[PDB]
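Report on the structure
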Amino acid sequence: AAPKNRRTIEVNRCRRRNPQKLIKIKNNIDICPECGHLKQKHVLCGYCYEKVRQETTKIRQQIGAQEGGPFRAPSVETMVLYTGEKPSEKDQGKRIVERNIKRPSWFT
Amino acid sequence: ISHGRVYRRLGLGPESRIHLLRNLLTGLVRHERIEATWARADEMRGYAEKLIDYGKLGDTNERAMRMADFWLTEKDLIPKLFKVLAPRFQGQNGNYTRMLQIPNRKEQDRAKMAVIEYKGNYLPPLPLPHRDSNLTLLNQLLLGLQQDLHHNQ
Amino acid sequence: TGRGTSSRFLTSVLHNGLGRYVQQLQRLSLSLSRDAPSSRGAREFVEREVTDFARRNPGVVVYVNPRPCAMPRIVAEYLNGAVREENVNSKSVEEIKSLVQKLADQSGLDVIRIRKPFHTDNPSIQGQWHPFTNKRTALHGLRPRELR
Amino acid sequence: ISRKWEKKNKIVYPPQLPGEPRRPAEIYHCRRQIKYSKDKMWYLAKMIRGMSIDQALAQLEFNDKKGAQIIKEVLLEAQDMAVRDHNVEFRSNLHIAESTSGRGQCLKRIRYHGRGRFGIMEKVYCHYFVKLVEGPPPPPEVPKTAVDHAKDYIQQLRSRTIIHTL
Amino acid sequence: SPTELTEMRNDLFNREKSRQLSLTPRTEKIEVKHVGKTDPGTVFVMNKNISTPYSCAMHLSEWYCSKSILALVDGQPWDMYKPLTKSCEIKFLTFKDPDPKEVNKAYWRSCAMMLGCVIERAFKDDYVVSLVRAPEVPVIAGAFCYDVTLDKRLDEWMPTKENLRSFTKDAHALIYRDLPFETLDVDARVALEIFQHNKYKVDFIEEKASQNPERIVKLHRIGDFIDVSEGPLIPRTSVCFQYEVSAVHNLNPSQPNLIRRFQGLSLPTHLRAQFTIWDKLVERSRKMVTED
Amino acid sequence: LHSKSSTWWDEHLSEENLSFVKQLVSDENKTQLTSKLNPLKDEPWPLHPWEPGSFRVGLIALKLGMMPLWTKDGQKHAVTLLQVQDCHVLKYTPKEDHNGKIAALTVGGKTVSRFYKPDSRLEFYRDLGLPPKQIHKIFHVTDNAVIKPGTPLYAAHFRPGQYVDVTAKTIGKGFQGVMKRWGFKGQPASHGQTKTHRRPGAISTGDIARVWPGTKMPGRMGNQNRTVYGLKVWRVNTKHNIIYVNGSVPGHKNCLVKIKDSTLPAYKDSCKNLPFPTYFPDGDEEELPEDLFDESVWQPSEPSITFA
RNA sequence: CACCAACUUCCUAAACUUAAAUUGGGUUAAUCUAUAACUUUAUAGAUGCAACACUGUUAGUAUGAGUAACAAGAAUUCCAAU
Ligand SMILES: [Mg+2]
Ligand SMILES: [Mg+2]
Ligand SMILES: [Mg+2]
Ligand SMILES: [Mg+2]
Ligand SMILES: [Mg+2]
Ligand SMILES: [Mg+2]
Ligand SMILES: [Mg+2]
Ligand SMILES: [Mg+2]
Ligand SMILES: [Mg+2]
Ligand SMILES: [Mg+2]
Ligand SMILES: [Mg+2]
Ligand SMILES: [Mg+2]
Ligand SMILES: [Mg+2]
Ligand SMILES: [Mg+2]
Ligand SMILES: [Mg+2]
Ligand SMILES: [Mg+2]
Ligand SMILES: [Mg+2]
Ligand SMILES: [Zn+2]
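Method of determination for the deposited model, per the PDB record: cryo-EM, at 2.91 Å resolution.

Looking at the PDB entry, chain E carries the name Large ribosomal subunit protein mL39, with the source organism given as Mus musculus. What the PDB entry is called, per its title line, is "Mouse mitoribosome large subunit assembly intermediate bound to NSUN4, METRF4, MRM2, GTPBP7 and MALSU1-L0R8F8-mt-ACP complex, State D (SAMC knock-out)". Within the UniProt record for chain E, the comment given under Subunit is "Component of the mitochondrial ribosome large subunit (39S) which comprises a 16S rRNA and about 50 distinct proteins." Chain E has a UniProt comment under Sequence similarities that states "Belongs to the mitochondrion-specific ribosomal protein mL39 family."

Under the PDB entry, the name given to chain A is Large ribosomal subunit protein bL32m, and the source organism is Mus musculus. According to the UniProt record, the Function comment for chain A reads "Component of the mitochondrial large ribosomal subunit (mt-LSU). The mitochondrial ribosome (mitoribosome) is a large ribonucleoprotein complex responsible for the synthesis of proteins inside mitochondria." Under the UniProt heading Subcellular location, the note attached to chain A is "Mitochondrion".

Right under this line is the structure:
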């Protein structure tokens, strides 16, 4: 079936400017207290989450170097230490990961 | 009609769905924090919880060992489950995982994203949301109300 | 064409005929060429008819400007502020003479559709009709079926 | 091709006299050749009409369309030049007066079909225009009240004349 | 006639502003640095005695302007619309900070000040109402209170439920107008001239002037109404969303004159409360609050 | 931003107040429910006697499920279980206001949470001093049978042996084709049919050049109000307020239904034997048995049936 | 026991009498040349001398339509990695 007539610019304006087809405004945008960048209420902050993932990559890069190959997963717990820190008694017999930089303020 | 169907349709079929979930579960055990699409991580969350239940049964149980063998493709991780993760969650009765929604992926498909992890890991803490302190204006008024009712019978 | 054009009501500039009639045309300008076939008829008009027209109408100031020209033109201006312009290219003396007389009689008001031929500011002497005219009153001003 | 939007930034008015309201500033900015359809860009340009700069930038940051990112960068440059070149005091004191999309110069190519046939393909482009005006956004629209509606109706009845008579 | 007092008081209030404004000639630049957590290291160069903390928030973005209720200039709370004086360090406080104690008091004072303005213009012009003081009560108390002494002819009359509702409708109309909280620090001499009629006001003014090394007293005006203040106040009256005049209690030891204390509650737009939660808090705000 | 933002009850609640507010609301429900337990000692409206042509109020119940049942002849009947749960009378209209010849009463049931409701509804319930209800419906009642608002109703309002009417929303099946929706035959599977198996045939005749209004076509099915007429009552459980009704009732389990006595011609004036205004346990003239039965019903714990 | 109703007819001003192939006559848009004119004109001599319509030719832009249709296995410590 083919169109029997051309549709006019007036009719076309009514189809594509209908309120059903317009972009809706958002009411759930807020500012992040820690960084001051914007976020949605039900979603994690992107800027703050970006910090954590960067550190996570560094730790995992170090973990890869120590193991030296695949199929080398330890059977004991893991822990991370930064320069100026030494293992406690409770830390005995647990894999230790060493980072050159100092302990990040946010990391506890 | 899909009344009462508790599974999503994923992959190339029923068998393909299991294999996709198995790969995500194996990655979670090794790394303990993972990013997937929100729908896929939500489907895999259930299996992650039940795996910690078989681990609790113990190394010597024949059924537990068979189940662990199937669901962990890399075999260096079966010792980890029975001797690291299972001891960690001895006290709790559940709620071993934490899952949160992440900003949409910036890769031209704009997928809804999530991050799923096991509680108690060694990684830097996630930036979770905190409730308001009791020092705020609304909290104080409710605290005042609580004290009066408690003290006055 | 009526729906495609503007319209107005019949009027006069300043109540022209009440106390005294005043002629609305006040200025004429005519431009000529000394030696150009197109403006020959206008030249004869200046030779014969221009002076006589000025005397009969003393309230109009007339300007005649010979200069090198391609089309002879006439400009008429009125008291209310209207301006009208006419080309006189290659016209006879009789044509120009009759054209000038029309301009004198006109008032500068626009020539467009006039809604009505007649205009009155005091349409009624005995009072305009309203529904209560021709309706009898009633005793005590009782509306129908009111008991009292 | 016409480039008039650019030159609008170079108008100079004479100094204002002491007894006169302070004239607000105006900024015109655009980006010309963009690999995006103008029909699609319209929906984005329409949304931010009338809003302040901060509210506009907030809504753009969480839209998934490719056009949203391009509009945001144009908005940021307009804000920067407003303070730097047009003597605007406060960054936040700005609202979007005008925003619209326009057609660009396009390209023609071939699109293949299944019996040795073909069709004509267009690679489409568009422009984006904005005008920034200093000051808080003007107040929104208030629908007519019931009393306001009635007052118009009496006015209509009072205007009646006796038609086609002396 | 009360109208006379409002007119003359405004005139003196306006005159004092002009005098201080004329005192500052030309423009002087003051370096003020942002010490808050976010956007750290920004430096605003501002005009002395004209620019305010709110103008600083204007430079950054509109999120600061809407959400910031107070500022800490060198560790002291400053009204958002109160002009700055010298180079300093600045920080902005909001209702949701971890320690909003300072903000809570400032909001609490402003609501009471609104309550007093409603009282004076509510009653018939015949009777005489004089405002005595605004007590300082912790938010835990459950309501903000205002003390007022009414006319002798009213000593036998207690407000009905419809009367209390009328006061709330008046208050809600004051919020709709969205008026700023103006601020003045003026020598005690001018304050006494502005409150000579109110004996209670006069003595209070003396107490505050005595405490400070100089005779500086804090005056605040919303619309026509003027009053002395214990501290900083909310930038505007639009901050409030929920407002209620709970009840009125007659103080027993009131032989010479009958002192009636009006109690109310309010919540800001930022911290709205659900329907049922609001009801419970209101009922607990109808019980007499002692000043401790 | 100087613009709108949305909130919900939990947004600003702190850790301690979160649990406290939950407990505070729960207690408020209990206090308001106990207060209404004594209607007869709360200025009840006058109680008129039964007259021919009288109509009585009904109840709102929740659909539990089904189970089997047997009669003294050994015939087996499937039955559905309806539980009355916090049913009160809410509002009364006089005959003239309702615009019907008869008056009307509104009933609510199944207490619900207060947190996610509009203010208008909460204000309406605060006036009546009751916690909100999930659903309201209207019943046509005569003047003699009018009951004061705020009076609880119970399952013993019905008694075994009477027929009843039930109405509820049916199960929703979504957008469906003509074969399932209207039982159209369809087309053959083989013998050369080309992409026409489950489709409708011709809509109408060619002459009219249009489609008649009301033509049967694909569309959304289910999720509509339906009524079942003439269902007998087999037994009542006073302790748990359970009614047993013959046969099937529309809707899924855990769905609210409307129960009223039958309007069929045969059972025109059976209301005389039943409690005329309603059943009041507050009167406490006699305590009812835990289980009420019908004579034909074979109760459990009776000796095995012998068809002697 | 009448009224209403067609430029038929009368009245003020004018006019001087009834579909179409084909047939007889008065003007004129545009451009060039001769001779003039000088904000675009005159008398003559000329011609590739006038397009709402040929499923006309060429170029441009719409409609159908933002529609039909098109595409990259998973996680990570990263695309000649595991
Ligand atoms: Mg239409
Ligand atoms: Mg489902
Ligand atoms: Mg095309
Ligand atoms: Mg059966
Ligand atoms: Mg369904
Ligand atoms: Mg078949
Ligand atoms: Mg087939
Ligand atoms: Mg037809
Ligand atoms: Mg004729
Ligand atoms: Mg013809
Ligand atoms: Mg030709
Ligand atoms: Mg053609
Ligand atoms: Mg198109
Ligand atoms: Mg279509
Ligand atoms: Mg489609
Ligand atoms: Mg498709
Ligand atoms: Mg593929
Ligand atoms: Zn953040």
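Notes on the packing of helix α1 (residues 38-47) of chain D against helix α3 (residues 66-85) of chain D
Residue and element names in this part refer to chain D. At a closest axis distance of 10 Å, the pairing of α1 and α3 adopts a crossing angle of 55°. Of the possible angle classes, the one that applies to α1 and α3 is oblique. Note that α1 runs across α3; the crossing there is right-handed. From α1, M41, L44 and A45 reach across to α3, where they touch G67, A68 and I71. Its residues assigned to classes, the contact of α1 with α3 shows five nonpolar, one polar and no charged.

Notes on unusual backbone geometry
All names here are of chain F. One non-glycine residue, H191, lies in the positive phi region at around 75°. The topology assignment puts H191 in the loop between α4 (178-182) and β9 (219-221). Judged by relative accessible area, which is 79%, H191 ranks as exposed. A positive phi is found at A209, a non-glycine position, where the angle reads about 65°. Judged by relative accessible area, which is 68%, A209 ranks as exposed.

The rules behind each value
Residues numbered from 1 in each chain as written, not as in the entry; some residues may be left out. Chains lettered and ligands numbered in written order. Part of a larger assembly, values for the part shown. Heavy atoms only, no water. UniProt positions renumbered as here; feature names shortened; annotations may be inferred. Axes fitted to C-alpha atoms, helices over the stretch in contact; angles between N-to-C directions. Helix = DSSP H or I, 4+ residues; strand = E, 2+ residues; numbered from the N terminus. Parallel < 35°, antiparallel > 145°, perpendicular 65-115°, else oblique. Left-handed = near helix turned anticlockwise from the far one by under 90°. Contact = heavy atoms within 4.5 Å. Nonpolar A, V, L, I, M, F, W, Y, C, P; charged D, E, K, R; others polar. Buried < 20%, exposed > 50% of the residue type's maximum accessible area, 1.4 Å probe, protein only.

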